[PDB]
Amino acid sequence: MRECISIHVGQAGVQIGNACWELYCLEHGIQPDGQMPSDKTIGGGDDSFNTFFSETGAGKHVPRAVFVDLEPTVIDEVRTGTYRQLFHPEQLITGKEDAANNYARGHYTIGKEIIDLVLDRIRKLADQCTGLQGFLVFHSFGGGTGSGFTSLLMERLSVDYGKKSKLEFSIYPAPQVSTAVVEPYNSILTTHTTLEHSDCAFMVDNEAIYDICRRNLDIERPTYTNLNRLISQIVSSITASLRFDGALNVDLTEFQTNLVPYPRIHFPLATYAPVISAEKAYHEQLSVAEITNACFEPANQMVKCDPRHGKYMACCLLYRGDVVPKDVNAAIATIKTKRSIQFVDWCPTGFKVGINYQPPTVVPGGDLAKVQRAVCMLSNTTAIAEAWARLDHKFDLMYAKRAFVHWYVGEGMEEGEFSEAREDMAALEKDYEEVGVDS
Amino acid sequence: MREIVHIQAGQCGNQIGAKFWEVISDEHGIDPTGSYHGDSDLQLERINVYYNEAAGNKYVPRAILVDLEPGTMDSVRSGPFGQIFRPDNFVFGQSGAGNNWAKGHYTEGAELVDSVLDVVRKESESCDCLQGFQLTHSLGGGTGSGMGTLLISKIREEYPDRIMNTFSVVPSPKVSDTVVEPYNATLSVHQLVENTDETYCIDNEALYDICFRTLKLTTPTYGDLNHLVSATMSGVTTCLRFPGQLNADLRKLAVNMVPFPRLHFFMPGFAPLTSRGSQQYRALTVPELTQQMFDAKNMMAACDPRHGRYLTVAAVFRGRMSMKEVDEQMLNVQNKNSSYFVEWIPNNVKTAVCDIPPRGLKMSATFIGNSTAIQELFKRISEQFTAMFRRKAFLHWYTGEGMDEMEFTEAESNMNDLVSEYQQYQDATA
Amino acid sequence: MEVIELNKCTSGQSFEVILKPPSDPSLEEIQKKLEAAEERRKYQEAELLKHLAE
Amino acid sequence: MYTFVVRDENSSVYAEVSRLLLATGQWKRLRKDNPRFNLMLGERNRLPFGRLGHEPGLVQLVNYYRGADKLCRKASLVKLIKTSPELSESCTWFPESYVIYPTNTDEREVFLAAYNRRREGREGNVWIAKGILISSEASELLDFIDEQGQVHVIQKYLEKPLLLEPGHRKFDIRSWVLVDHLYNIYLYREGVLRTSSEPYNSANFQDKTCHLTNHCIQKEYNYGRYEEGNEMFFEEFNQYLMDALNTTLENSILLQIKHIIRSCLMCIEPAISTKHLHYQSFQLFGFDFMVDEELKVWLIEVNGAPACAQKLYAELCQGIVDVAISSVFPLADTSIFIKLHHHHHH
Ligand SMILES: CN[C@H](C(=O)N[C@H](C(=O)N(C)[C@H](/C=C(/C)C(=O)O)C(C)C)C(C)(C)C)C(C)(C)c1ccccc1
Ligand SMILES: Nc1nc2c(ncn2[C@@H]2O[C@H](COP(=O)(O)OP(=O)(O)OP(=O)(O)O)[C@@H](O)[C@H]2O)c(=O)[nH]1
Ligand SMILES: Nc1ncnc2c1ncn2[C@@H]1O[C@H](COP(=O)(O)OP(=O)(O)CP(=O)(O)O)[C@@H](O)[C@H]1O
Ligand SMILES: Nc1nc2c(ncn2[C@@H]2O[C@H](COP(=O)(O)OP(=O)(O)O)[C@@H](O)[C@H]2O)c(=O)[nH]1
Ligand SMILES: [Ca+2]
Ligand SMILES: [Ca+2]
Ligand SMILES: [Ca+2]
Ligand SMILES: [Mg+2]
Ligand SMILES: [Mg+2]
């Protein structure tokens, strides 16, 4: 058993962390006070859930988590909310003033005066770890803290923990719920800076999630709370193999092996089904074939893009609920004949399958209906580069006029860091195109 | 917790400044004594942005009141919310500035400014985390204009990493016949371009025309003009004072609104336009608000927005309404008039919704627009300036206080540079 | 077609199905980068204070 | 007010559609990089399909189907037919064809396999390359291919074309097909024969004003003799099939054409359909057919950005607007197309 530390950075990172640990707690029957009736090794152990929780003699299970925000409002909500007791005060780190939507202010200006403290609070978790594998990091691409401080933090964990794996959960900016017009700038900056330091990153476009909520949960205007509950189910789905017994994706290293042959191309697409509104009076339970087939609908992806026009390098299916291999194999047989699924030549056309029999747990009074069976496909497809293209085009439009750049120069960043970050993305979109297209 | 220090200067500054404290103090349920009597915790969550707390759970505006004559400050002191302001924050001279920028900036004002800074300093030091300063003043007189700009320069010296914001009333000959206003205002604009981060241009041309043409007031008074100012100020500060996501502090607003450090002069608008007293019986639908807040006739700066392009926009809807319908309408204005929004700043329109409406209304909308059409404002001032300056007329009042003609020439040039930069981006394209 | 690495347990099972075969900055360099940015902010601030002083 | 942008200046067809849209006074044109359009009329290359359908508040439609290039490049078309079981190598309406590269994948050896059973049957053995040359002699083409640089196609040449009289002439048929956003397949009722003007010279292959029926290669070498611009339309060609062959256009040719069109597009429907997508596509294709003396129809090529013929621009472009666009974006307040559908039960 090897432990994992979750780092949640900025409002989006924190709020989504909140949502994930609430769900993790309900999944493993851990209560708000930290007590776990089902756990019989009081005060310790090396069960699979202990990858995410440490224990005390008083019988208390505490996240291997650190929340950091440069302003305090959001982490205060954690400190006074339903899960207040679960966390130790030293795990919740806040500043006085925030990064004001500026990567440079978050990286260079405010980053400096707080990086050493955060590394120290992380080190206090790593020294309760018999065999740490590495970290899961949660942040927004578009916030000042989320982008600027995260990339600094990533650089430092590479140095103080070189042999350790780092996974990201990253919120890609959408105008329907964004709060800054500079989100493209921050997004490119932080991507450039974090790319060598990250082993595997799962992007979630707030646009995709927002629409899934309108379309499938009948929510007139989704809030972060709606979005985050949905996101937390996808995350939970992804991490389930680290927290439960199984033989697939049992460690962070395996995510890289199973999902990322070419290191820079480390952005797998997540697709999830079924998402069903809790208010739906009558619901016909969806079969294995049907929800597997929904995994190849763009409408169900975390990023809208079209995988028919790219190539796959890998694909895992992660099932929760009443599912057996026989049904999965038949579903995959019909689906291959019906759909456009082209792998790269240097990869086998196949799927690694993971079934966990426990059906998905939903938050009571949440918007999601309980379902008999659900699935989350993770596919490394060059189609995801469409999201890079979009973000780069917007960056080009603004940067051609130097709009807003003075705000970054004013924090000590050099203008040339902009074009260098943009060169790195140009090469990135180039790498995706070589891999994915022929003539 | 992110405190703002407010300063109000000169007759105009203090008149609108007082009205602002009346209006917001009522939105946050504070009464003339300074006691909370509201019935919502939304009212108090961010009360420390503008009020200090005091013994007996007392709220006290973080407000410095400045003038070179006593007159108006005795009118502040014995108006409705007069008692609420902290008495040692009244800083006043005796002489007045005689509508003369130079006196306010270089002679009479320099004597007073140190005492205002002492009061600013005492207010800055009890602040958990000071975000910056907002100044209310006119640009056409001597104190708010000349001394006000002096203050700004000095505050930036002591707090160079805090945000500076002004609500600056621009003069118009439709409202004042004092002949040197264009001088005073060109000299102030010079200061403003260099040393503020955000300026709300509140044009007395526009406020008068709104009162006359739209509110059908045949003899608008300063009371009527100020009712419009206070509603706009209430609206443009909503996101700072209530819980919220977008433009919730001065720095974040600035980053969203100012693509180029010099182009930080904003056009505010309001819907629905009301005259004081008379009630408004129909609530507006969300479409009417949207169409109106973007109407030229609802702008507090007398510029035609169809003559420019919007660099950035912030919209704030107040009241109980469908966010779905607001997003739809906000999206429909941009998609139906997309050529008026610069295409090289994607998604440049940002929209917030606060559940508390302003007193007297079920629904309202405030618009803040950084548009290239504001150049019309600076050209107008510049035309009036040049007509006098080219014969050196009225200059002896300024040269008599130590100034050189050079200083006028530099100022005219800087304001003409400003105007051409607006033009540059008006014409730009991807 | 071909199922492999079948693993079963009380919680679930996993396997692979195959339809077709084939055919770094130092602590130092960081503290530097941050420190240069800070000097750049100090210079920018000093120039302004120089200007305010004139 | 719907809005649109134009990103191919050189398109005969969409020039006309702009004009028709503007003229409704319910469409406003935007500058080419303004992202807030209902409709894009796109460039021919590196069209940014990846930036479509992410402007909230706007239903977005484009005049190309991403992926349709697989139909419309000779290389890919040939590949698509062999490889796709719905089409297959059995396929009897496409000329036996082969992809060949220079030596600067390939199936050169497999080309020879057939070349040396026609030289071991002494029958017809004329082939065609893809700048384009016909020869009986393999290496005169193979050495022609390596000496040109690009990837090419070798295709059995059709020695026994149907010939028009008077003239002993050759021709191809060009049909215009509109596929809308619902994947309705609409065949425009007017098509056109693109005739040769100079008797089909069998035993000589250099004098190519007779073997190639391209409007441009006839002009620049008897142009205008039997019909305007070497263009025979359908009333005429039908009438001639009646008089001279006792049949109709519908029966002898058009059924094969409809069949061939349906099969090509149904084949790729799963790969390109925009049915569940966040943006919507339509596209005008031009299919090019040969007819042999037996009245057997053969598919020559598919064009992804076809031009119309002068007389027909008006009617076609109106019809593109009617069915492709105003179906997605209705106005306030005689069908020139034949819809291709067929659900046989087996
Ligand atoms: C003689 N100038 C007029 C004026 O000053 N009028 C004054 C005026 O209207 N004043 C001062 C108002 C203000 C108050 C408080 C009031 O109580 O009236 C206006 C300007 C808002 C006044 C008091 C002399 C009648 C003025 C309105 C500027 C004007 C300008 C151009 C063409 C015609 C009239
Ligand atoms: N899905 C989701 N997105 C969020 C949430 N909170 C903020 N965002 C998004 O993240 C981006 C804004 O970043 P934030 O996380 O607010 O920024 P921050 O990290 O707090 O940075 P500063 O405030 O600049 O210090 C925008 O695209 C928002 O839509 C959240 O709870 N869920
Ligand atoms: N296998 C074959 N048998 C007989 N004739 C053929 C043939 N392949 C091509 N041709 C003739 O050559 C002409 C031109 O070939 P093709 O149409 O492939 O080139 P192209 O793409 O440059 C013109 P377009 O795009 O309008 O079809 C055809 O119209 C036809 O007359
Ligand atoms: N809108 C408005 N404008 C005012 C008011 N009082 C004065 N003005 C205008 O302000 C300018 C005169 O400045 P004033 O503030 O009186 O001079 P100061 O006291 O020396 O700063 C002229 O343009 C006047 O029209 C007011 O209460 N409201
Ligand atoms: Ca235990
Ligand atoms: Ca004196
Ligand atoms: Ca002193
Ligand atoms: Mg934040
Ligand atoms: Mg006065």
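In what follows, chains are A, B, ... by sequence order, proteins preceding strands, each numbered from 1. What's counted below: heavy atoms across the whole structure, side chains too, no hydrogens, waters or symmetry copies.
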task: Please determine, by modelled atom types, if D:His211 and D:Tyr157 share a side-chain donor-acceptor pair under 3.5 angstrom.
output: yes
- request: Answer yes if the ring centres of A:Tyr312 and A:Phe343 are under 6.0 angstrom apart, and no otherwise.
  value: yes
field: Interatomic spacing from OG in B:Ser371 to CZ in B:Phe341 - rounded to 0.5 Å
entry: 9.5 Å
task: Starting from the C-alpha separation in whole Å, work towards a yes-or-no answer on side chain to side chain contact (heavy atoms under 4.5 Å, CB included) for A:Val303 and A:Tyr172.
output: CA-CA 9 Å; A:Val303 189; A:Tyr172 175 111; 5.9 Å; no
- request: Would you mind checking if A:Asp438 and A:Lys311 are paired as a salt bridge, meaning a charged N to carboxylate O distance below 4.0 Å?
  value: yes
query: After noting the C-alpha distance and the side-chain angles of D:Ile336 and D:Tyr186, does the key distance pass the side chain to side chain contact (heavy atoms under 4.5 Å, CB included) rule?
result: CA-CA 9 Å; D:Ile336 71 160; D:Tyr186 289 116; over 6 Å; no
message: Between D:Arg262 and D:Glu269, does any NZ, NE, NH1 or NH2 come within less than 4.0 Å of an OD or OE carboxylate oxygen?
response: no
- prompt: Between A:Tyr185 and A:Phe404, does the ring centre distance come in under 6.0 Å?
  reply: no
- prompt: A:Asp424: what forms a side-chain hydrogen bond (donor to acceptor under 3.5 Å, both in side chains) with it, not counting sequence neighbours?
  reply: A:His192, A:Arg264
If you look only at distance, which donor and acceptor atoms sit under 3.5 Å apart when one is on a side chain in residues 43-51 of chain D and the other is two or more places apart or in another chain?
from    : atom 1 : to       : atom 2 : distance (Å)
D:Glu43 : OE1    : D:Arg7   : NE     : 2.9
D:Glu43 : OE2    : D:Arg7   : NH2    : 2.9
D:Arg46 : NH2    : A:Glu433 : OE2    : 2.5

query: Can you name the residues that form a salt bridge (charged side-chain N to carboxylate O under 4.0 Å, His left out) with B:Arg306, not counting sequence neighbours?
result: none
- line: So ring-ring contact (aromatic ring centres under 6.0 Å, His included) across residues 307-336 of chain D, not counting sequence neighbours, yields D:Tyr2-D:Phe329, D:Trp27-D:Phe329
query: Just by distance, with hydrogens left out, do D:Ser197 and D:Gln218 show a side-chain donor and acceptor under 3.5 Å apart?
result: no
task: Drop me the distance from D:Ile257's CD1 to D:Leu249's CG, to the nearest 0.5 angstrom.
output: 7.5 Å
- request: Quick one: which residue pairs count as a side-chain hydrogen bond (donor to acceptor under 3.5 Å, both in side chains) with a foot in residues 57-73 of chain D, not counting sequence neighbours?
  value: A:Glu386-D:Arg66
- request: Using the test salt bridge (charged side-chain N to carboxylate O under 4.0 Å, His left out), find all partners of D:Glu227 that sit at least two apart in sequence or belong to another chain.
  value: D:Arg169
field: Aromatic ring pairing D:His54/D:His278, orientation class (parallel under 30°, perpendicular over 60°, tilted between)
entry: tilted
- request: Output yes when B:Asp427 and B:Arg309 qualify as a salt bridge under the 4.0 Å nitrogen-oxygen rule, no when they do not.
  value: no
Under the salt bridge (charged side-chain N to carboxylate O under 4.0 Å, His left out) test, residues paired with D:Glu190 that sit two or more places apart: none
message: Going by side-chain hydrogen bond (donor to acceptor under 3.5 Å, both in side chains), name the residues that satisfy it together with B:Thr372, two or more places apart in sequence or in a different chain.
response: B:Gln426
message: So that I know where these two stand, are D:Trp93 and D:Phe289 an aromatic pair - ring centroids less than 6.0 Å apart?
response: no
- prompt: Considering residues at least two apart in sequence or located in another chain, which fulfil the side-chain hydrogen bond (donor to acceptor under 3.5 Å, both in side chains) criterion with A:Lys430?
  reply: none
message: Considering only residues two or more places apart or on different chains, which pairs with a residue in residues 274-288 of chain D satisfy salt bridge (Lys or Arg N to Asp or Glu O under 4.0 Å)?
response: D:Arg174-D:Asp288, D:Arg194-D:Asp288
query: Does a donor on one side chain sit under 3.5 Å from an acceptor on the other, for D:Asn230 and D:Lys219?
result: no
- request: Enumerate the residue pairs fulfilling salt bridge (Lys or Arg N to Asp or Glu O under 4.0 Å) with a member in residues 308-329 of chain D, sequence neighbours excluded, ordered by first and then second residue.
  value: D:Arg189-D:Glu315
Under-4.0 Å salt bridge between A:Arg339 and A:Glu297: yes
- request: Examine B:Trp344 together with B:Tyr425 and report whether their ring centres are nearer than 6.0 Å.
  value: yes
- request: Only counting residues at least two apart or in another chain, list the ones meeting salt bridge (charged side-chain N to carboxylate O under 4.0 Å, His left out) with A:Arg422.
  value: A:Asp392, A:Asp396
